[PDB]
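K.L.:
Fold the following for me, if possible:
(2 chains)
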2 protein chains.
Amino acid sequence: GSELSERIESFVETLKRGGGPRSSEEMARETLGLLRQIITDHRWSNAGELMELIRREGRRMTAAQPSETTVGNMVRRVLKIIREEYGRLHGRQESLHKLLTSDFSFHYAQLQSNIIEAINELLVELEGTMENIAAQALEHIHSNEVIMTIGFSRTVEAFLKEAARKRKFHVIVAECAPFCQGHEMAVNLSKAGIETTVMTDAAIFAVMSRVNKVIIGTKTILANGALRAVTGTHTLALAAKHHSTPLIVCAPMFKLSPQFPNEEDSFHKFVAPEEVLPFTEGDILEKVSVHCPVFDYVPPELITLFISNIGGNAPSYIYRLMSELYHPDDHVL
Amino acid sequence: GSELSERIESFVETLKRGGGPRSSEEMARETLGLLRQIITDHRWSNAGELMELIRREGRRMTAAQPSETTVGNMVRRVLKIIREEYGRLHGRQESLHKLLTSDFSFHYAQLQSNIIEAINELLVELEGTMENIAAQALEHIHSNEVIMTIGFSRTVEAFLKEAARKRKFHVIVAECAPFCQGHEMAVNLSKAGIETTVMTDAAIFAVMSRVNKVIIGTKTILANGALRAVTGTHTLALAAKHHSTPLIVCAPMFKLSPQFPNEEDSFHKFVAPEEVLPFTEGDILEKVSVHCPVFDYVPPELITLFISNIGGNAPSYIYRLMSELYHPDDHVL
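P.N.:
Numbering: from 1, shown residues only, chains lettered A, B, ... in the order given. Below you will find the coordinate block:
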């Protein structure tokens, strides 16, 4: 009751003010725990009331920070789990087969336990996602390869660290300006014995002719296979496509969002201009427009392969995965 | 004279039957020497008779073996030299300037010596073409590069041997089947300490993703910048273009031919089918048509740079280099 309300308010304020869970997996775990607490503590009779309550809470959390798609993905996953459990306990996707060959008000006592155990199984699968992704490193990295990365991705770091246990290769890291988090990735990889190079994004094209493949992380994966990545990733993808360099996206399954790139002006995250132009510039700041987008849109045609905890896939198959995780009626939320 | 006629007949029969000068430079030297002997021994009152007799001899030599463009190039170079000598001694290109602004057979008793000394200067410049081309190796090869070659080219071998004196790199050689002369190139490069790999042409597209640049020779350079190279070079150029891999053609200036790719069905050299399908196959040879083209046509858009004894040029500039060497009236010959 009161404790749940305080937790929800704290989560919303943390999302609004930034910070909090640095790891995306940690944020997904916290969202799943909050949803589990909402299901346990709040009073509901049938599946419809629970779905409406979850929809309202997910709407609030999404409006708190629209750029954090993991919270909305978790809300939609919980809604799909609830729908599946209700259909299994009560009854027995849109397609041509369904079109040709032709009510959540009922209450069941054991529905809540099934929902809770399904959520617990989802959390358990979430805990082992990084190791599952990293276990496929050897199938994609050969001897004396050159790998190009941008920013600081923990999944890519685990990928490269696992691959380095048995193979020798070179890794080039571009500092994702202004927040040059690529330096941390470079020093972490160098601490593991991998030979690493530090360079600015301005050189991404220049060295791209000597890169064998590109391995990057992402913030969100759209329904068409497009990426919401860190800024400068679109340029890296274009440079890789210019040289036909394969581009690999190491992204967990919980970063898939059933949204489409139709939305505008809310995609990129705009932060204070101080990161790009310091306040000490003076008078010229009065008549200069400074914009600092944090995220970038990458079209699906620039992506070669998606590596997730379930294996490797092409972007053209992403829709099917998105059909297996989310109900089409929960896209609007 | 009888000796000159017998030399011309021997040259023509050697061209018709194949073999003879293994290197292109040796064939150019022999053609220039034959033309000089023709000019000295034959009796001509004026420049017109000399030009017509040289045209007749060049027609005979070209008809002896059309695929050997070096002989015709030498004939046209000598004709242009004669034209320029006569114009300088007697008088003082098509362009808009000439169009807006707007006669041989005049004996001068001094043209022969000028022609002979110009031919001698051309031969002297020809002697040092290979070293001039190889002197530019260090400007195009960096440390730990990967180079891809096809067949056996003397100029590329000199290029790589000169570059290896100061730099360490990897060279991949594709055997130009059926005449697997790439084995000789690989062995020779390994004798110089360069690390080399032997592979078939079927693997070209398989390995171009790990190649930094492609350095190849050619048999002929066309007026539009196109190439007549060994069979299999077109697919190599297409694979390099697929990966935006720069393609460098190391070819001396005497391989430029003012002809255009309009000519068809005589471009490639067709040899006995024994090289592709052995005679021991038996009955199936009765109803099987097997063709063995020796040369391939490479469009100019697949070539990045031409390296010759005068430096580096783009294909789009080839026409100018072609206008500086040959008169437009001698293209038909």
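K.L.:
measure the residue lying closest to residue A:238 once chain neighbours are set aside to residue A:262 for me?
P.N.:
In this structure, residue A:238 finds its nearest non-sequential neighbour in residue A:302, 6.7 Å apart by Cβ to Cβ, 6 or more residues apart in numbering or on different chains. Just so you know, the C-beta spots here come from the backbone N, C-alpha and C atoms, and that holds for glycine as well. The span separating residue A:302 from residue A:262 equals 19 Å under the rule Cβ to Cβ, to the nearest Å.
K.L.:
Those two: which has the busier surroundings?
P.N.:
Neighbours per residue (other Cβ atoms under 10 Å in any protein chain shown) separate residue A:302 from residue A:262, with residue A:302 holding more: 19 against 6.
K.L.:
Which residue ranges of chain A form strands?
P.N.:
Across chain A, reading from the start of the chain, the strands by DSSP state E fall at A:146-150, A:170-175, A:195-200, A:213-216, A:220-221, A:227-230, A:247-250, A:295-298, A:305-308, A:311-313.
K.L.:
elements contacting the shortest one?
P.N.:
If contacts are counted by 3 or more Cβ pairs under 8 Å, 6 or more residues apart in numbering or on different chains; DSSP states H and E, strand A:220-221 sits against strand A:227-230.
K.L.:
So what are the sheet partners of the strand it packs on and their directions?
P.N.:
Within its sheet, and counting by DSSP bridges, strand A:227-230 is paired with strand A:220-221 (antiparallel), strand A:295-298 (antiparallel).
K.L.:
most packed of those strands?
P.N.:
strand A:220-221 (a mean of 27; mean count of other Cβ atoms under 10 Å in any protein chain shown).
K.L.:
Can you list the neighbours in contact with that one?
P.N.:
The contact list for strand A:220-221, computed with Cβ atoms under 8 Å, 6 or more residues apart in numbering or on different chains, reads A:69, A:227, A:228, A:249, A:251, A:255, A:256, A:257, A:306, A:318.
K.L.:
near chain B, which residues of the stretch 101-250 of chain A show up?
P.N.:
Proximity of the stretch 101-250 of chain A to chain B, by Cβ under 8 Å from any Cβ of the partner chain, involves residues A:209, A:210, A:212, A:242, A:243, A:244, A:245, A:246.
K.L.:
tally of neighbours for the third one?
P.N.:
The criterion is other Cβ under 10 Å. On that basis, residue A:212 has 17 neighbouring residues.
K.L.:
Let me know whether it touches residue B:207 as I believe.
P.N.:
No. Counting by Cβ atoms under 8 Å, residue A:212 stays clear of residue B:207, with 11.5 Å between them.
K.L.:
which residues are common contacts for those two?
P.N.:
With Cβ under 8 Å, 6+ apart as the test, residue A:212 and residue B:207 reach no residue in common.
K.L.:
looking at the contacts of strand A:220-221, which has the most residues close by?
P.N.:
Across the contacts of strand A:220-221, the neighbour count under other Cβ under 10 Å reaches its highest value at residue A:227, namely 30 neighbours.
K.L.:
circling back to that earlier point, want to throw the contacts of strand A:220-221 into TSV with distance to residue B:139?
P.N.:
TSV is the format used below for these (distance: Cβ to Cβ, whole Å):
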residue	distance to residue B:139
A:69	50
A:227	39
A:228	43
A:249	38
A:251	42
A:255	46
A:256	49
A:257	50
A:306	42
A:318	46
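K.L.:
how much space between residue A:257 and residue A:71?
P.N.:
When distances are taken as Cβ to Cβ, residue A:257 and residue A:71 turn out to be 11 Å apart.
K.L.:
Please apply the same query to residue A:252.
P.N.:
15 Å.
K.L.:
ok, now residue A:120?
P.N.:
Remark: distance between residue A:120 and residue A:71 (Cβ to Cβ) = 19 Å.
K.L.:
Closest to the centroid, which residue in chain A?
P.N.:
residue A:255 (2.9 Å; Cα atoms, centre = their mean).
K.L.:
That residue contacts residue A:74, doesn't it?
P.N.:
No. Residue A:255 is not in contact with residue A:74 according to Cβ under 8 Å; the separation is 10.9 Å.
K.L.:
Pull the contacting residues for residue A:128.
P.N.:
Applying Cβ under 8 Å, 6+ apart, we find residue A:128 in contact with residue A:309.
K.L.:
do that again at 10 Å, thanks
P.N.:
A:135, A:309 (Cβ atoms under 10 Å, 6 or more residues apart in numbering or on different chains).
K.L.:
before we move on, what about residue A:325?
P.N.:
Taking Cβ under 10 Å, 6+ apart, one finds A:73, A:76, A:77, A:80, A:81, A:253, A:254, A:256, A:257, A:258 in contact with residue A:325.
K.L.:
Please report the distance of it from residue A:80.
P.N.:
Distance from residue A:325 to residue A:80, counting by Cβ to Cβ: 7 Å.
K.L.:
if I look at these two, which residues touch both of them?
P.N.:
Common neighbours of residue A:325 and residue A:80 (Cβ under 10 Å, 6+ apart) do not exist.
K.L.:
picking that back up, write the PyMOL selection for whichever of the residues of the stretch 101-250 of chain A next to chain B are buried.
P.N.:
What follows is the PyMOL syntax for the buried subset of those, where burial is set by 16 or more other Cβ atoms under 10 Å in any protein chain shown:
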select buried, chain A and resi 209+210+212+243+245+246
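K.L.:
For the stretch 51-200 of chain A, which residue gets nearest to chain B?
P.N.:
When distances are taken as Cβ to the nearest Cβ, the stretch 51-200 of chain A approaches chain B most closely through residue A:145, which lies 8.5 Å from it.
K.L.:
Next, give phi and psi for the closest residue to residue A:315 other than its chain neighbours.
P.N.:
In space, and not counting its chain neighbours, residue A:315 is closest to residue A:225: 3.1 Å by Cβ to Cβ, 6+ apart. With angles defined as degrees, to the nearest 10, residue A:225 sits at phi 90, psi 10.
K.L.:
Measure how buried residue A:225 is and give me the count.
P.N.:
Counted with other Cβ under 10 Å, the neighbours of residue A:225 add up to 24.
K.L.:
what do you get for residue A:203?
P.N.:
Residues within reach of residue A:203, counting by other Cβ under 10 Å, total 12.
K.L.:
Could you do the one 5 residues further on as well?
P.N.:
Residues within reach of residue A:208, counting by other Cβ under 10 Å, total 21.
K.L.:
you'd agree it is up against residue A:201?
P.N.:
No. The pair residue A:208 / residue A:201 is not scored as a contact, 11.6 Å apart, by Cβ atoms under 10 Å.
K.L.:
which neighbours do the two share?
P.N.:
Common neighbours of residue A:208 and residue A:201 (Cβ under 10 Å, 6+ apart) are A:235, A:236.
K.L.:
Could you tell me the end-to-end distance of stretch A:253-261?
P.N.:
19 Å (Cα to Cα, to the nearest Å).
K.L.:
Quick one: distance of it to the chain centre.
P.N.:
For stretch A:253-261, the separation from the chain centroid amounts to 8 Å (computed by Cα atoms, centre = their mean, to the nearest Å).
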